[PDB]
Each structure stands twice: as structure tokens, then as C-alpha cells.
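Taking it in order: structure first as C-alpha cells, then the write-up.
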Amino acid sequence: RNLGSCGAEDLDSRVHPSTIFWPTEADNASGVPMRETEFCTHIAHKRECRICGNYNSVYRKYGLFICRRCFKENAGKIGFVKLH
Amino acid sequence: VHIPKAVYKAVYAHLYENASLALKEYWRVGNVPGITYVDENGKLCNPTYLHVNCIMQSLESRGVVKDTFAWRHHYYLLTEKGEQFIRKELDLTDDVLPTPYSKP
Amino acid sequence: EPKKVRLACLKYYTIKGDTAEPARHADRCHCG
Amino acid sequence: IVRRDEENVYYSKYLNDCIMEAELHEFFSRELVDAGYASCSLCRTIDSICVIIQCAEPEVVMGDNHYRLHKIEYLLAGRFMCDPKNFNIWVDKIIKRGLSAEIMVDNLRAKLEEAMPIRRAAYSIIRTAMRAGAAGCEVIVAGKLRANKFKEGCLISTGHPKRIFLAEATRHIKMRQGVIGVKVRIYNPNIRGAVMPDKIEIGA
Amino acid sequence: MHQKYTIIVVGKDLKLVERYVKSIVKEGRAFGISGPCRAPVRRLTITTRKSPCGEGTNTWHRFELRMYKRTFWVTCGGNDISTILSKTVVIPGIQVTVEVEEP
RNA sequence: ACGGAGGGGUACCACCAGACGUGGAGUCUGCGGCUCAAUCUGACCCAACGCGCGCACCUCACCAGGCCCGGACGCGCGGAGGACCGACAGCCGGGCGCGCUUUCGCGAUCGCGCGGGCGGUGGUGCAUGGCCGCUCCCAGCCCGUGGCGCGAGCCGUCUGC
RNA sequence: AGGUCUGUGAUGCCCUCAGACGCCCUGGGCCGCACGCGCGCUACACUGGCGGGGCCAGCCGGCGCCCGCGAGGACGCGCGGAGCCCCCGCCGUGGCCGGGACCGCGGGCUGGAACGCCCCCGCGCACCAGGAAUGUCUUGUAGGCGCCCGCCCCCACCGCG
Ligand SMILES: [Zn+2]
């Protein structure tokens, strides 16, 4: 299909090549381009606790990215202290 | 699955030189920022996560290295059997020794 | 699920080792 | 008068390094248990971090001329993407092992997995602590055997003084029948020469 | 020579962060290092349910982490980069008490 | 332990004296019931029902349909005289070399079976650890020596202020 | 035998494992409605509604110019805080200028994609202080008034303050 296409009059409607605004969160995977054609073509953020691979109930405040449940266990070492 | 030989050799060399692979738990599309390879590409091209993950699994299952997982990062370490096997695939001689033995 | 045939020495498009060649429409190795 | 997004880098730079550490604690606990690791730290150097550790058996952690320690040294570098060589771990030693909860709990866990039952191990541990100058210990073992506790002397369990004097630890044991939850708590009222409140003296 | 350099101290614990400045000012006894500005405390706050399953009376943990910081921009170019290293060595080694120098 | 038994005390999660309210309407939300292919599930007096930290796709288990092996490691048989893997063009397909119809390409990264895995928001919270809730917005709980009882137990640990 | 195996490289035993409960892609659903109630929000007006004006907070905090009625939009740089309330007028006991549910054209924002959210013109539902019953509260307290954070591509009648 590399030697085919649509009408020119329709091509004017092509989506603006301006890069998409829906990226994927990387806490720290090199951004690089059969089943490969659509293994995970759908693009969406996948923010998740950097401890447990769980995408539910994650704090993004201050750039933590820690599950609320897994927060209590490590809070003591992380520095947070329970007073007042 | 059809993993290139250049990737095999690159990973082996990186392992022996560093004695340590610090890998991330991933299974989607994406290349590794560390190890690298060149196949008439003009610029060293990095490997894909699926390839290296399968290679690491095979190696560890064969008893060449051991691992810890911590959280979100497979840490690997090659055993004596490791040094005794990579040197063969890199086609090395017993005299050579991993870098870390040389005052890190 | 396409099938395959046992390979034969047909690439010899000549009559005495004359290397004639290095099929419906045209096509090149790979897609280009 | 001042801009609030400049100091945000310094504030956010200090917080990242805090988490950078806890992962170290977890990893050491999963790896250098053999040497009974206790705790770690950090000291952001010019081009690296001067992490020092505390393990009761210093010899086990390091290898021939610290060879395995060197091995570990490179590993961390790639994980944090720091330059090797600049990494400079340090190794320390703990003197009063009968005053730390974690080494005792790890030894006790290993002993339990040596087929020996709870009673002997718990009494060995409490004897080891008391003979090491401790006001008291408390061993709790919970699992498929309920809760069978053992205790010797006086402990406090409420108030601000608890977090500084009392030191607790916990573990999990994967046994064929299930899981054996085990924890330990030690109350040393002479830590670092700190005066416990409502502790008075009068002279002649 | 002269660089209009700056000194910044960042940390969490009030005890060390207050003791360390005393040593610094000792070391700057003769180089003119003076009082530090003490910024308002950056009291970070987080709240969370105490129950992993959300049963019973709704209760809430309240953890907070403060970020004390002090600044000794006094040196500026008053000192040379030669002893700016000397400034950074005679000072005590505290395990966690991050610092950074900029002009 | 209980008592529509007595005596001492105590508390705006009890009352006296007051205040402000809800239940009456419209509406946000959750909970049962009905409906659908599905309307995913946990909890039901205090001690379930803006609570399991904001559901167009993911979140997501549920319904209609479709790609891939991403089957480690050992043993037996086969394999470069060719193991496995991709593709321009035309049709059917929501689309994909998904399938078919011709014919090119790639080369051991293996293929079949037997052992043996990894994985899984699948089940039992009446198999368990950990963490919370409640008893508890309480004032109570026990040790060594000694004494009393065959003994379970009692005194210590108070019918005073 | 309160809740949690559906928070986790926490886990025993069961069930699934090449037409998959694995991982991924396109759609739909979790919002669907004769009805019962639980925490809340808006009101039933003159101790008030509308217009113009003056003005002071704290957890803390980002602004200029130009188009557009408004929501919003193109540029360029580091700079900065409210409702109640007080003053002057209109309305004049009429379900009326109280009330803003519901509905019809239209203009914009996020996003690959509106079923999501804002602004403008028009229509203007019940509601005349709420039965049996029931909840909370003693000083900067109840009550009234507004302002920031959380999850968040957009949105707060919610929760923490
Ligand atoms: Zn977590």
C-alpha cells in the first residue's frame, strides 16, 4: 500500500502535523517509533505508583507519584512525620 | 523474537565490562537508553525492550546470572559461571577480567 | 497460512553460466 | 520582593534524593541480608553520592579487596545514571548488636526457619538483648501454628518518648503452611545519654 | 578573585540545620560572612485515609515535611575561589544537609 | 454476663434552659429494586449508603468482535539440499498480509513431544501476615516473695474522704 | 470468625493456561428508571431583590498590551489578593422585579475523538416555612459569608483546610 493514496482535494483535510498533546508519563524508555503496527498504537498517559504497578489513587503532588496505600509504609523513611 | 546477533553481543559485552545490568520492569514498546548496537545504520541504534527482556529471561533461567527485583527495576548480577560463559560468546581469553576488579 | 515449495535450481536464467539475471508486475527485494 | 519558583528547584532537589535512598534501603534489605544490614544514608558529593551503611558482619558485604562491593558499586550507577568511579560507598560496624531490633529479628527469622520452634528462639533473643544492657524486649509471633507472646521486663508503649527510645521491626516468613508474622520491640532508656522524663534524682 | 558567590543550606531537621550555621559563621569569622536570611518554612502537607479498605469511622492521617533553608550570600566576591574550597572543607560533614554555591 | 434489684459517680455522641436544623418541594450523589448484551463489584443498627481520592478511550473486572506467544530451561526426533518468519497487487473484512488468490524476500534468533515454568482486579477475609474499625470520647492490667483454701480461686488491687 | 486475597516480587490451597480469565486493538456499558430513603445544595423574600459606588482577610498567591458583549483568543515579560458589609436610588406584598428546574436556536475550550464544561437571547416547573419522628451544639463557639488545595485532558453541590 506504499504506492497508493486518496484524492488531492481530500488531502487538504489531513490532521495538522503539529505534534499530539497527549503524551505518556516517564518517571525517569527511549522515545522511538505484523503486530508492531498496532501493538499499542493508542496513546495515553500511564502514571502509576513507582513502587506498585497500580494506576489507581496516585498522588502527583510535588512529583511524588506514590500510591496512597503504599505511602504509609515508606513515609517514615521518606521523611514525612506524623505530628499535630 | 528474531533478535539480531549484534544485540546479543552488545548485551554480553556491556554485562562483562560492567558486571551489572540495571534494568527496568517493562513490557511495552520502547528502547533501552543504555546498551547500544550498530547495524550499518550510520548511528548506533539502541535495542528494544522486548528483545532485551527475553534475552535476560533466557540467561537467568540458564543459571548464568542471578537477580533481585527491588521495586520497578530488575537488578542483575553475573556469577562465576557467568564470567565463564560470556567470555566464550565474546570470544575472549581467561586472562581478561571484569573492570570492577580494577579499583572502582 | 501460505505454503512453500522445495527449492530448485531455477535461478539459472541462461544456457551456459551466462548470469542473465542477478513474474507478473514488477517487484524489488523488500518493498523498495 | 522574591520569586517563588527559583527556590522550588532547591526544595525539589532535596526531596528527590530522599526517595532515591529508600529504594537503597529496600534493595539492601533484599540483597545484603547475609551481613545483617541495618540502615543507610547519603551525602550528595560533587560528582557522586557518599552512601555509607551499617552491617554487623562487615566482612560479608565486601569481598576480596571489596570486590563484590565494587560489583555493586557499578550497578547503582547505571540505575541512577551516575558516573561510576565517583561512587564511593563506605562500610561501618555495629557494636551493641543486642541493642538493635533489625539484626535480632533477622537472626531470629533465620533461626525459626532452621526447624527450631518459637520458644527457644524467642528466649535466646531476649537473653541476648538483656545481657547486652536493655531494660526489656518483647517477641510476638503470629500465624498458623494465633498469637503467642513472650516478654521479660518493663516497656513503655505510649507517648512521645516511644519513637526515640523504643525501636521496633517487623518481617514476614514464607512457610509451607502459610505466613509467620514476627515482630520485635526493644526499650533502651539510656540511648545517647537522653534523660527520660519523670525520671528524677535528689542528693544529700 | 571576586565572584559574587552565594551559599545556600537546605535541610529538614531544625537541630543540625541550626548547629551547622554556627560552625559556618565561625569559619567566616574573618572573611566577613554575616547573618543568614531564614526563609519561611515550606511545610509540605499530605492527608490520607487510615483504612486501606475504607471501613468504619472516616479517619485521616496528617503527615507533613518541613524544609528549613538558610542563605549565606554574604561572601559574594569578598572571598576567592581558592578558599571557597577552604570554605567547603573546614565545615563539618553532616550526612544530610544539602548545600550549593552559585555566584 | 444479666436484672422492669439497692447504693455511689459520670457525659450536649444524655437531660434541664435555649439555639440551629433534617423529614414537606426542585436538584447533586450513593444505596435497593426494574431493564438490557452488559447495566462489573465490596460493605447493610450504633460499628453499610460524596465510602473503597473526579469513570467519553486507558482506568476496568463486564458485553459484541478481532491481533500476538511475549511456551524460560532440560531430554528425545528433524532441520541450511533450508527450522522459522515478512511482503507490492485484487477480493471478503470496522480496519491489519486477518483470510484467500500468483511469487518474491529472510535465514537457525530453532520446530514437534515429554518433563518443567512465568502470568492472571479469577475463588475461599470462615487458611493466614500487614493495616485499620469496634469494645474504647473508657481507667483500667499484671509480676516476685508471703498468707488463706483439696481445688477452680482469693488478699495484694479499699463498703472511709 | 468486624473490613480488606480487587494496594504490592504478601502469601497456602483451588481454577485457567494455545479457539487464553495472559497482554493488546475497535466499539458499548458502569449514567440506563413506574418506585422506597441516606448525607448535601438552592429557595419559599422587605432583617429582602436589582443598579452605581467605597472598602478591608488567611492557608497563601503571576502579570502587561491588543481583539471580543461575554466565555475566550494572538503576542510579551516577571509581577501580584473577597464575599458579607457601608452609602445613594428603584421595586411596594401581587407565585410580582422571590425561585431558577426544564427546554430551543447560537458562540467557544479540552481532547485523535464530546456524550464533558463555559457564555448570550428566549420559556419561566414545584415551592406561602414543611405530620408522625429525629440530629448537633457552651466563646471568637453555633450560625451566616466567601477563598484556596485533593483526585483532574474539561468540570466540585464532595472532602481536607
Ligand atoms: Zn503503592
Problem - Where residue D:128 falls short, out of the listed (1) over 19 Å from the mean Cα position of the chain (by Cα); (2) in a helix (DSSP H, G or I) - result: (1)
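A quick yes/no check of all residues on (1) polar (S, T, N, Q); (2) surrounded by fewer than 13 Cβ atoms within 10 Å (Cβ to Cβ); (3) more than 9 Å from RNA strand G (Cβ to nearest atom):
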site: A:41; (1), (2), (3): yes, yes, no
site: A:44; (1), (2), (3): no, yes, no
site: A:47; (1), (2), (3): no, no, no
site: A:53; (1), (2), (3): no, yes, no
site: A:58; (1), (2), (3): no, no, no
site: A:61; (1), (2), (3): no, yes, no
site: A:64; (1), (2), (3): no, no, no
site: A:72; (1), (2), (3): no, no, no
site: A:80; (1), (2), (3): no, no, yes
Completion exercise
Note on segment A:50-84: residues within 9 Å of another protein chain (Cβ to nearest Cβ) and in a loop (DSSP other than H, G, I, E, B) are A:50, A:51, A:52, A:53, A:64, A:79, A:80, A:83, A:84
Problem - Residue that is assigned to a loop (DSSP other than H, G, I, E, B), more than 7 Å from every other protein chain (Cβ to nearest Cβ) and within 13 Å of the chain's Cα centre (by Cα), where the choices are D:1, D:53, D:103, D:94 - result: D:94
Completion exercise
From the option list D:70, D:25, single residue qualifying as within 27 Å of residue B:11 (Cα to Cα), in a helix (DSSP H, G or I), within 14 Å of chain B (Cβ to nearest Cβ) and not acidic (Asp, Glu) is D:70
Exercise for the section: Kindly indicate the residue of segment A:1-31 that is away from RNA strand F (no atom under 16 Å from the Cβ) and among the aliphatic types (A, V, I, L, M) and also nearest to residue B:25 (Cα to Cα) among those meeting that condition. Expected result: A:11
Fill in the blank from the handout: For strands (runs of 3 or more DSSP E) lying entirely in chain E, having 2 or more residues that are under 30 Å from residue A:56 (Cα atoms), within 16 Å of RNA strand G (Cβ to nearest atom) and away from chain A (no Cβ under 13 Å) picks out none
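Condition check ((1) among the small types (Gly, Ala, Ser); (2) touching a strand residue (DSSP E or B) at 6+ places or on another chain (Cβ under 9 Å); (3) over 18 Å from residue E:86 (Cβ atoms); (4) away from the ligand (no atom under 16 Å from the Cβ)) across all residues:
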position: E:26; (1), (2), (3), (4): no, no, no, yes
position: E:48; (1), (2), (3), (4): no, yes, yes, no
position: E:52; (1), (2), (3), (4): no, no, yes, no
position: E:55; (1), (2), (3), (4): no, no, yes, yes
position: E:58; (1), (2), (3), (4): no, yes, yes, yes
position: E:68; (1), (2), (3), (4): no, yes, yes, yes
Completion exercise
Among residues of segment B:40-68 being of a type in the set (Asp, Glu) and surrounded by 12 or more Cβ atoms within 10 Å (Cβ to Cβ), the residue farthest from the ligand (Cβ to nearest atom) is B:60
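Conditions (1) within 14 Å of chain A (Cβ to nearest Cβ); (2) part of a helix (DSSP H, G or I); (3) within 11 Å of RNA strand F (Cβ to nearest atom), marked per residue:
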residue	(1), (2), (3)
D:121	no, yes, no
D:139	no, no, no
D:145	no, no, yes
D:158	no, no, yes
D:170	yes, no, yes
D:180	no, no, yes
D:192	no, yes, no
D:198	no, no, no
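Each reported figure results from applying straightforward, stated rules to the coordinates on display, with no laboratory input. Cβ: placed from backbone, ideal geometry, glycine included. Neighbour counts: every protein chain shown.
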